Amino acid sequence: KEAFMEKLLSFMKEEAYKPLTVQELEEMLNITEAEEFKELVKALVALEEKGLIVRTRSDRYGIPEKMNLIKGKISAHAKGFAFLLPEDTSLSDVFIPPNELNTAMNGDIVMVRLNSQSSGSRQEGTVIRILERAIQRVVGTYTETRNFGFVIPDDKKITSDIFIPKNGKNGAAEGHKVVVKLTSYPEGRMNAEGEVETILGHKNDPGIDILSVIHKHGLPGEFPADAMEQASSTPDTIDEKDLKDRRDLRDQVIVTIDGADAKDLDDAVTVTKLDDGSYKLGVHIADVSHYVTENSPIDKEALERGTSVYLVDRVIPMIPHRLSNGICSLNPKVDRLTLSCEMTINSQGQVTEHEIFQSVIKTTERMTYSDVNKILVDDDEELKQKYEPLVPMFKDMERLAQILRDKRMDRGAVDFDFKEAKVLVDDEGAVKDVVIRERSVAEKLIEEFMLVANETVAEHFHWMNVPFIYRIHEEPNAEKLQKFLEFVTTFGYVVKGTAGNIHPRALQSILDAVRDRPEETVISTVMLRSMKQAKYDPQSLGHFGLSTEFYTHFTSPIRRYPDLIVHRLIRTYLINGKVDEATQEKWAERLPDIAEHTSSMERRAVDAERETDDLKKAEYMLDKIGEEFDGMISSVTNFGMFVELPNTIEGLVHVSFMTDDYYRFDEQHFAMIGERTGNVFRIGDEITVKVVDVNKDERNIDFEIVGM
Amino acid sequence: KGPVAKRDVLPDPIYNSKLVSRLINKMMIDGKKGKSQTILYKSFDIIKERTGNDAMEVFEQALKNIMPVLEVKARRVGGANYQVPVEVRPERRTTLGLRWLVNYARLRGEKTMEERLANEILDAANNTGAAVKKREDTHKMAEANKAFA
Amino acid sequence: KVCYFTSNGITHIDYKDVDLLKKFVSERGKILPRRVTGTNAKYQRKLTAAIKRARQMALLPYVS
Amino acid sequence: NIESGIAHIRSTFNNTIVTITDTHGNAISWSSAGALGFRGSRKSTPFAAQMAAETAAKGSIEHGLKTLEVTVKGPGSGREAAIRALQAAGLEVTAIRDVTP
RNA sequence: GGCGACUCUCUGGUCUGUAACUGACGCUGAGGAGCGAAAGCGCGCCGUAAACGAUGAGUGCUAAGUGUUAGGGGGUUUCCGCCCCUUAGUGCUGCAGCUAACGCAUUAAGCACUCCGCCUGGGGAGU
RNA sequence: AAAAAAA
């Protein structure tokens, strides 16, 4: 028994050892007999009792001592506790009590000692060391006292007020939202101290709410002077020299189909039906790599920006408004430089042939999604008569897009069709309405055309075997998916597969079965929560969500830096023919940092857009205090249950408002069960709620139950 | 209901250390702060004459080694009898530091208290003696029943 | 939330049309309530029988 | 040497047993949370049930099973993790069946 | 009293619509006859039982507003669809009235008429 | 809360 325990501990003490499960230890030790398997489990329990190994709450055994610890990121909570998110995503989260944070703030990379005993369901730990400080600046509301100021942070995860000394005020008055720079971190009993870097304005002034979010996240402000000089010097028309070595497509019937308010027209499309029955699809994308050249002032800024950010009241663009909306934009009935992908597609949606090349186009008409739907779906005779030459092309586009959609779903792609909000604001930035964003035929048509363009480019460059950027979506976390599978089994939905080896078509085989059910929204939602996020990467690792091996972003260079690089690598490798070793090694070095950076800037963006939506959703419900709404239980917890209205506004029913009974949370069933009444409020249940309170600053909406 | 503020002691006039004052007040008997102010200033001259280091370098080192990190607290919920490992608040660390320092210094074999207090500080500073042991003892005991908390 | 049968003009629910029925049972095979289906009480009664005749003839399961 | 079999999973509040049988209900192999040295609260957990399904499954794969019918008994939390231990061990699951008496 | 697996054989009743027919053929009903928790016991006897909405039966009449079950009709509506109107229940809320109060309030405990059962202090004693 | 995608 002891010789085996030593041999396990020595194996785990090897420098190449990573934390492994019982099964991954069984495989690595080549244990095939059932009696040796019993020995291993008995050794693991005995070593874990002695404290020589630690099981993480993802059931992975690691030598603590090489750590006694886990390296990871702090994810703080507004109630003063936190979790460690380990770097190894296979490991579970470690709970950190408020007293054991030891001055670690939200986002800080820390080393956490593991507590041999736990007071709850999860593994506890103490922050022993802070390796990296995440928070240097803090946005908050300044408050004035007699002799000093303090700033109340907008990030509620910062649970302590920032002390502003009398010299660090820098003109900030009572109620001003302010950007503080942290001069000292919290230490012992002392709060953080800081100096007011920037006054944003008063908290009640219009647009300061969104301007506090921009600064919180650290989103990019005004363009640099050299970038705006480059933009102002860029020609408003094409030079005749730039038409050289480009295919002339100005005589073809080419259209843009966008939102009515869209000015940054990235894509233009055509479809011709061939005599054999196959479709030729042209996709013509704005040639931004021409205007924005490598290491230009705009190039350095766009990389820094990483993506365009689309907040409620404004867009922060990646490139200046003179280019994005002017010369890059595929504006109607004017000559525009493009980088095209031209595709012959057969009757099963297979790209038999393709070509990628530089062209010039002149768009026949700028269409809207609304107009294209009214022609196809609503059968509008007035608009058909208006666009009589284009209607036959639109009908061929509809059929082709359906073809491509069928193949996509047959290959086992996951159609995640959720209701998103669109917040509608006025000129002052005050909320008028919160509507559901509906995806029409016209949006699903262009989607399919950008997708088949995006796979086609990605496949082309994979086989060329040159350095390139892909848009990958890795396989879901097996533990998160294992929980999701357990969740849907309560509703009856049994899935064919295991959490380690699920096929994308298996998850769709859920989303179809729940379609037009009450439990749709939440199973949909919890499925998402088990998926990984998509990122950019120089390796073609495939896209799980689209069920494809080859995918990149090619179709939006105005508003995405990874697309603008895809444009450059197209110009470098195909057009210029520069496939030399020195060119490849140059890109092979750069693409990892770019791919990591732009992926960070995307996540930052998405977080910021959401925060502004949740703020304006809360603003919208201020005047609805006392009104009753139908809704659907979107989440249940130990403290209460969240209720989603039809417009996708969410709120909390706190358990204190559930006055009719003592309610116990059932974690397995995701249900609040009354002890006496036997009333059961489950995930997915339709209830009628009333608005009790609304906090705009916190973004909180507080309901009470009227009826089931 | 709201944590009473601890009395703000003055700094020790010659070492400018409110820790050293707190030691005096711990050593003081029957309100004879004079006797204890003398004893310490006699004990710290003994430390400086032996070691050559400043008494403050040694005394702070002595406290580090006496000061407890985790303590046993009795919890009897239903049955339990759980000796809950409790982290010693930074004020209670110094408390138990100075309490043990003084309590064991008085128990030592040496004739005078100034020598007894000096030798307990010198032993504490070398990570040895009885007051350091006492911290270990409760930690050994806190490690023994660490299964609770 | 409309009734399938008042919508789709379906007077007679037949026990042999398994695939239809299979629109209203759970995955365990239990009969879905009227609330959840949006069915008319009339037809729910109709349906229910159909199912119980379907389950008797091993067209549907009792317990999945 | 038999291919098709049933995996009778008895998940109680105290324990999770996993017998695997032939179609005639003759026991090929079995494993329980108690058999893998789990004790007290640990025997109840879905981890022990998963682990009990594997050692049961790996015992059956020796006798040369491929397909499993599954029958679950009892109110325990093990059935979902144990079943996904039988699909993860390699044996395909034809049909589950709650046979709680 | 009661009545929930499915099928079939056989049989009672209920409601909606039309009014072709019949032409007041009705209503209540002491007695009798039958049914009848639970038993009791020995398939019969048993025959009583919060066998109590704690409310005989029948009919006409007297603010609403809302839900549901099974029907009828109209509106546009192809059709669903709502909307309107009605009938038979089954529910809630609530006038006028009624109540000792509580409540009941077109499923009256309101206003009327017919017929039957039943009460006249508590205990003794359902002895 | 948590996803693609689109913008």
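See the values below:
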read-out	value
Folded to 0 to 90 degrees: helix B:55-66 orientation relative to chain B principal axis, Cα	20 degrees
Cα centroid separation, the stretch B:1-23 to the stretch A:42-76 (Å)	42 Å
Which listed pairs, of A:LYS73/A:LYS166; A:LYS79/A:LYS203; A:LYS690/C:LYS42, have C-alpha distances above 28 Å, in listed order	A:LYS73/A:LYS166; A:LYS690/C:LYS42
Hits among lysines - C-alpha to C-alpha of A:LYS42 under 16 Å, sequence gap 8 or more where chains match	A:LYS1, A:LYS7, A:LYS50, D:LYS43
In the stretch D:1-91, trypsin sites (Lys or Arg not before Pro) in a DSSP loop with at most 12 other beta-carbon atoms within 10 Å	D:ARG39
Theoretical ellipticity at 222 nm over the protein assembly as shown - DSSP helices of four or more residues, -39500 (n - 2.57) apiece, nearest 500	-10500 deg cm²/dmol
Shielding by partners - mean other protein chain Cβ count within 10 Å, residues of A:370-376	0
Average Cα contact separation per residue, chain B, under 8 Å, 6 or more apart, as relative contact order %	25 percent
Karplus-derived 3J(HN,Hα), 6.51/-1.76/1.60, for each residue of the stretch A:218-235, Hz, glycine and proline x	x, 6, x, x, 6, 5, x, 5, 6, 5, 6, 5, 4, 5, 5, 7, 5, x
Computed magnitude of the charge dipole of the protein assembly as shown (debye, nearest 20; Cβ of K, R +1, Cβ of D, E -1)	5020 debye
Amide H contacts of A:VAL180 (H built 1.01 Å from N, under 5 Å, at least 5 apart or other chain)	A:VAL138, A:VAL139, A:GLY140, A:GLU197
Rounded tilt (10° steps) of A:2-12 against the dominant C-alpha axis of chain A	30 degrees
³J(HN,Hα), Karplus 6.51/-1.76/1.60, whole Hz, each residue of the stretch B:72-83, x for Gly, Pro	8, 10, 6, 10, 10, 5, x, x, 6, 6, 7, 7
Order of D:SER32, A:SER289 - criterion: other Cβ atoms within 10 Å of each residue's Cβ, fewest first	D:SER32, A:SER289
Over 19 Å (Cα to Cα) - which of C:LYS52/D:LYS73; A:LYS419/A:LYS444; A:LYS71/A:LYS181; A:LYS432/A:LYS616; A:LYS532/A:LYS616; A:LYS300/A:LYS586 fall in this group	C:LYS52/D:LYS73; A:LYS71/A:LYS181; A:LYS532/A:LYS616
Cα-based reach from C:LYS46 at 12 Å (exclusive), listing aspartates and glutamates while leaving out same-chain residues under 8 positions away	C:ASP14
5 angstrom amide H check on D:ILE96, placed H, neighbours 5+ away	D:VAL70
Cut-off under 5 Å, modelled amide H: who pairs with A:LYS422 long-range	A:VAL435, A:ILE436, A:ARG437
Unit charges at the beta carbon, dipole of the protein assembly as shown: most positive-side option, A:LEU485, B:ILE24, A:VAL466	B:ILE24
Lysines whose Cα lies under 29 Å from that of B:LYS48, excluding same-chain neighbours fewer than 8 positions away	B:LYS18, B:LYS26, B:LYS32, B:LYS33, B:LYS35, B:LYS64, B:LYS111, B:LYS133, B:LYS134
Neighbour cut-off at most 15 other Cβ (10 Å), DSSP loop, chymotrypsin sites (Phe, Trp or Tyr not before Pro), the stretch A:115-206	A:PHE148
Extreme residue, positive dipole direction of the stretch A:54-156, given options A:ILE109, A:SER75, A:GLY125 (C-beta unit charges)	A:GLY125
Separation between Cα centres of the stretch A:353-426 and the stretch D:22-73, rounded to whole Å	54 Å
Choice from B:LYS111, B:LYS35, B:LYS48 with maximal GNM fluctuation in chain B (Cα, 10 Å cutoff)	B:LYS111
Cα-centre dipole for chain B with unit charges at Cβ (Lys and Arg positive, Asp and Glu negative), debye to 20	760 debye
Helix A:561-570 axis, angle to chain A major axis (alpha carbon atoms, nearest 10°)	50 degrees
Cβ-based exposure ranking for A:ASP266, B:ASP12, A:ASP379, in which fewest neighbours within 10 Å come first	A:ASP379, B:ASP12, A:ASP266
Filtered GluC sites (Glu not before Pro), the stretch A:262-315: DSSP coil and at most 13 other beta carbons within 10 Å	A:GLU294
For chain C: relative contact order, % (alpha-carbon pairs under 8 angstrom, 6 or more apart)	42 percent
Percent RCO, i.e. relative contact order, over chain A, from Cα pairs under 8 Å lying at least 6 residues apart	9 percent
Residue with peak Gaussian network fluctuation, chain D [Cα springs, cutoff 10 Å], from D:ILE20, D:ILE61, D:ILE83	D:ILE61
Ascending count of other beta-carbon atoms within 10 Å, so fewest first, for A:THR293, A:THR21	A:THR293, A:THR21
Derived scalar couplings ³J(HN,Hα) [the stretch A:163-179; Karplus, 6.51 cos²θ - 1.76 cosθ + 1.60; whole Hz; x for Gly, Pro]	6, 9, x, 4, 7, x, 5, 6, x, 5, 10, 3, x, 6, 6, 9, 8
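Laboratory data are not the source of any read-out in this text; all were calculated from the coordinates shown. All Cβ positions, even for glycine, are placed from backbone atoms using ideal geometry, and neighbour counts span all protein chains on display.
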